[PDB]
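# Build me a structure from this.
(chains A, B, C, D, E, F, G, H and I, ligands or ions: 12)
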Amino acid sequence: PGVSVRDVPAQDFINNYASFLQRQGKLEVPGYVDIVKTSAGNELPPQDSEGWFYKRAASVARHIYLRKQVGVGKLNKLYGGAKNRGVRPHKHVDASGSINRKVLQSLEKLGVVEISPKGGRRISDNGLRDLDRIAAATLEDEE
Amino acid sequence: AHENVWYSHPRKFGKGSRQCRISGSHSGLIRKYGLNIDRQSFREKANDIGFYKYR
Amino acid sequence: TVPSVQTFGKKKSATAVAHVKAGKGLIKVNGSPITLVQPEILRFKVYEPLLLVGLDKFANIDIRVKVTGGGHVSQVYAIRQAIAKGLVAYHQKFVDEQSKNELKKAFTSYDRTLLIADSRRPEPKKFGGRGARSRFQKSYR
Amino acid sequence: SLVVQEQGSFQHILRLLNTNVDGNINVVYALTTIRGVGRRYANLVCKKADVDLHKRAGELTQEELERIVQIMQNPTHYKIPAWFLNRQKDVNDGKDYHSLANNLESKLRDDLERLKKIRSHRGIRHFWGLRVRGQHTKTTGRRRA
Amino acid sequence: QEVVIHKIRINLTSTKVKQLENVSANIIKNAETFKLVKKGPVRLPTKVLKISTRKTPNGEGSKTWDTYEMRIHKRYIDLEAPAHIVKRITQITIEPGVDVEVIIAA
Amino acid sequence: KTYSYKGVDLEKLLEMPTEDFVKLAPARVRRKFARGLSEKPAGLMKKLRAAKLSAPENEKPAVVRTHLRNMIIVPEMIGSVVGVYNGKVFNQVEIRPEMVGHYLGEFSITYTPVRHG
Amino acid sequence: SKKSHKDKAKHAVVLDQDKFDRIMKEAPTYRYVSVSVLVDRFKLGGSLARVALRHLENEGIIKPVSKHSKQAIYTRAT
Amino acid sequence: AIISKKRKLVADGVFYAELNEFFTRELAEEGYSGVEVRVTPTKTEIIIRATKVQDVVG
RNA sequence: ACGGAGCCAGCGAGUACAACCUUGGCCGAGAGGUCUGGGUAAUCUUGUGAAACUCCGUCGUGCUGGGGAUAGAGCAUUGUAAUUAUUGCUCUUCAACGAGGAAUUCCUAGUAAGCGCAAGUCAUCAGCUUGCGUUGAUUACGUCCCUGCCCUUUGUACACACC
Ligand SMILES: [Mg+2]
Ligand SMILES: [Mg+2]
Ligand SMILES: [Mg+2]
Ligand SMILES: [Mg+2]
Ligand SMILES: [Mg+2]
Ligand SMILES: [Mg+2]
Ligand SMILES: [Mg+2]
Ligand SMILES: [Mg+2]
Ligand SMILES: [Mg+2]
Ligand SMILES: [Mg+2]
Ligand SMILES: [Mg+2]
Ligand SMILES: [Mg+2]
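Residues are numbered from 1 along each chain as shown, chains lettered A, B, ... in the order given. Ligands and ions are numbered 1, 2, ... in the order given. Now the structure:
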């Protein structure tokens, strides 16, 4: 029967959506990738030098599908963990804002994310349709 | 006491910008909810204010 | 109206509200099926009522659980207790007495918390120490 | 998945910018062993040079070394930003450079002797060997060793 | 000619309970007496106004603190009710301590 | 090289306005001068220009004493001798071309060095 | 700041042909295979321990019992 | 006058402290006992409980 | 340890005769900047999408990708004013540190411990304190041996009382 993103494991669905977005030539990566920490909390760029932006976009799209609507600051709160503040106690450091802004604009160009009246951005019918389609892809991929 | 120089230093903020409202002191001040009463006078007048020892 | 009731299960600060209806064997938590509980290694904890009772006991019964508050494992135990209590309450309300008593015998003979909420809750902290019931340190010199 | 790695060509020692570097370490962390180059800067230099990140420094070829070397002396040519550079705005001539193994320590020494000569408080504190950035010294750094 | 319902709202505050509950009960009884439709005295989380304070005025002595506090109870009420009787209710049955506030919201 | 500050040569350093140095100066100076200026540094500049003018062109100009430590040394200030308040003494300092960018406070050591034993 | 251990390189940072015939020869006869077990015999550095360990899942030389991260559990194929 | 309700109650308490201490300072010769602050829709009544009521009135 | 991905709280607090909590949209790599919109508060920040934690990879016993002290340069914020680095951010040097002697501290269940968040200091600043919640144990369930405490009996040349 029909299948939503809630019926598929998070990590596998996100990996498959990243792979599918990477395979097709859409979802342009900003020219400043390979450069950025992705947050003040981190101290190195992603280990996967190329393709990590697709993973982040997949995670963002799944997050907007699951939740009500999400802006950029909320994603900054979501991503980013604890900064090793040298010899001081760790705290919570918000993620980089430019990366998430570019992710949301790229998702807008792909048509998967729509601007919501209540502020932030919500899921769009076409994009959520592709999300269910690739959730089915992963689910019948499992067995 | 030239008016240009007397009390000329700004006092918009910091330790001495606000006083105790009881004693005029600048130490041990309680700014919570706009009390602006220092701790000892707060301990004295808490019951009159509405604050009680409860748990 | 559809025979359906609502129960709940709590942990330290977790709370799972479970609606039980006469369905088709449909068990979802937070809109996701039980097989994908937030963690992974306490998954058997949340299957535990299923396997202790036997799935065929509730094959035409559907489960919807919304779990909020508390950390991961507290939420998991909340879903555990919520599902167990929902099954027991539904069987009491609409099925039969002996069925509910047999479910309670299968449950309470195993991890009593399955039907009884845990009594332990955090101890308030006190001045003179960084812990709820610990002191800072002494110097003596 | 795995390769024999062509016995007889895998280098074990290298001399990039007149410092001996062991080649068996991962490329980025092997480059990290030269003064003025850290894990972040070496990682970015390796990324721009297109050499494999998970490769071993003792197994990449010679023109790879010279291309990496060329990238990591004039970074601004290869789209390394104005920031992320070691010494930016360069208060001798205003051109954002990046100091390296000998150059880093040497130029730090000229900056130190400039601060000594300028008779700045920071300079005389440096000349004395005391803490500079304004830390308490009653209990901090009470042992030379 | 004030037949237009103002969908008025009555909210309360206090640092005490019995007087506030008494005022709310009198308000509800008055509303029922004149056949008024209402949403009941909905309870609001008692906001605990807390200050921690060191006991020693001079710092000397074993570290001992204390916590003073009040609670504020709100219990707002809204009425889909006529004009004059509602206002007359607001200007009557007032107890010191409990504070009454009225919002027309029409 | 003899001296360049940030690519601007010493010869250009003597004859050059404050604002160009602000654009050349680091971020802290940029914010300080962009945040508005007190009248006291302007008066110090006026007095120091007068002192430079007064000197018969071939000796070290007369020392100008000042309590101000929070303002910095602009290119117009070079060639000048100022006594920066130290708490007691208006400590002497001649303003060299490498003064620039810094404050005066770096050259009036508010504490005496500590010697043990 | 000590010097007590006095450890050598003690690890094949790069695999060699003779070492390849080795890893393949006792790819069986090692009734339990893991990263630490593989490097215990001095023939693997530890990063390529995972490389050769994942490579053996090519023609069913060994079987997986659990594939959790941070380690691996493999038995000889029977 | 718009202000947070918790802050408004705190201000009411500190105002009562104001009044009580001021009356203690002033009516001390009157055998001052206490003060009650009642708030009506229009008037802020201030009842003074003291011994020498007729002298307090003056 | 480091990369991604999962995504879970409870105490709070928050602007008026002042300028607080900040969502959201654009910029910047980040700190941050700007434009708007909510919230005098179960309404908005806020479900405070917090860390530890979980899954998949890189690392592989090397003072090493641990440790981040000490410094060099630059970018911003608060501030009349930041040098004697306020604080935040970016690149680099990366020190001592190998589970720490005598000795000594706290603690018997949501306890200790790990982990963070809020509030008080606050124009800016915590490694502090007061509270709160997450994950959550080993070992007692006894004794007067050390340190003391309570009652009784006894002795005293002590009563500023075994200092
Ligand atoms: Mg994360
Ligand atoms: Mg992690
Ligand atoms: Mg750490
Ligand atoms: Mg604790
Ligand atoms: Mg590290
Ligand atoms: Mg919450
Ligand atoms: Mg988080
Ligand atoms: Mg290191
Ligand atoms: Mg303190
Ligand atoms: Mg005991
Ligand atoms: Mg005697
Ligand atoms: Mg004696």
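# Mind listing what's buried along the longest helix along chain F?
What stands out as the longest helix in chain F, according to DSSP state H, is helix F:39-54. By 16 or more other CB atoms under 10 Å in any protein chain shown, the buried positions in helix F:39-54 come out as F:41, F:44, F:45, F:48, F:51, F:52. For the C-beta atoms, the positions are set from N, CA and C on the backbone; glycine is no exception.
# ok now the helix or strand just after it, how far from the chain's centre?
The helix or strand immediately downstream of helix F:39-54 is strand F:64-66, counting by DSSP states H and E. The chain centroid and the centroid of strand F:64-66 are separated by 11 Å under CA atoms, centre = their mean, to the nearest Å.
# Indicate whether strand F:64-66 makes contact with RNA strand I.
No. Strand F:64-66 does not reach RNA strand I (CB under 7 Å from any atom of the strand); its nearest approach is 12.6 Å.
# residues in contact with whatever helix or strand comes next after that strand?
Counting by DSSP H and E, the next helix or strand C-terminal to strand F:64-66 is strand F:81-85. Residues lying outside strand F:81-85 but in contact with it, judged by CB atoms under 8 Å, 6 or more residues apart in numbering or on different chains, are F:48, F:60-69, F:90-95, F:104-105, F:107-108.
# Each with direction, which strands does strand F:81-85 pair with?
strand F:64-66 (parallel), strand F:90-94 (antiparallel) (DSSP bridges).
# Would you reformat the ones you listed as CSV and include mean neighbour count?
As requested, these are exported to CSV (neighbours: other CB atoms under 10 Å in any protein chain shown):
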stretch, mean neighbour count
strand F:64-66, 16
strand F:90-94, 16
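# mind checking which helix or strand the spatially closest residue to residue A:75 that is not a sequence neighbour is in?
In this structure, residue A:75 finds its nearest non-sequential neighbour in residue A:100, 4.3 Å apart by CB to CB, 6 or more residues apart in numbering or on different chains. Element membership for residue A:100, per DSSP H and E: helix A:97-109.
# Can you give the distance of that helix from its chain's centre?
Per CA atoms, centre = their mean, the displacement of helix A:97-109 from the mean C-alpha position of its chain is 9 Å.
# got it, and stretch G:33-52?
Distance of stretch G:33-52 from its chain centroid, counting by CA atoms, centre = their mean, is 3 Å.
# burial count for the closest residue to RNA strand I within chain F?
Scanning chain F for the residue nearest RNA strand I gives residue F:105, at 2.3 Å (criterion: CB to the nearest atom of the strand). By the criterion of other CB atoms under 10 Å in any protein chain shown, residue F:105 has 18 neighbours.
# for it, what are its contacts?
By CB under 8 Å, 6+ apart, the residues touching residue F:105 are D:121, F:69, F:70, F:84.
# And it, how far from chain G?
Counting by CB to the nearest CB, to the nearest Å, the separation of residue F:105 from chain G is 40 Å.
# just checking, next helix/strand downstream of the longest helix along chain D?
Looking across chain D with DSSP H, the single longest helix is helix D:101-118. Sequence-wise, the next helix or strand downstream of helix D:101-118 (DSSP H and E) is helix D:121-128.
# orientation of that following helix relative to helix D:101-118 in degrees?
Per axes from the mean of the first three to the mean of the last three CA atoms, to 10 degrees, the angle that helix D:121-128 makes with helix D:101-118 is 110 degrees.
# Pull the residues that contact helix D:121-128.
With CB under 8 Å, 6+ apart as the test, helix D:121-128 has contacts from D:112, D:114, D:115, D:116, D:117, D:131, D:132, F:105, F:106, F:107, F:109, F:113.
# Since that was my last question, I'll sign off now.
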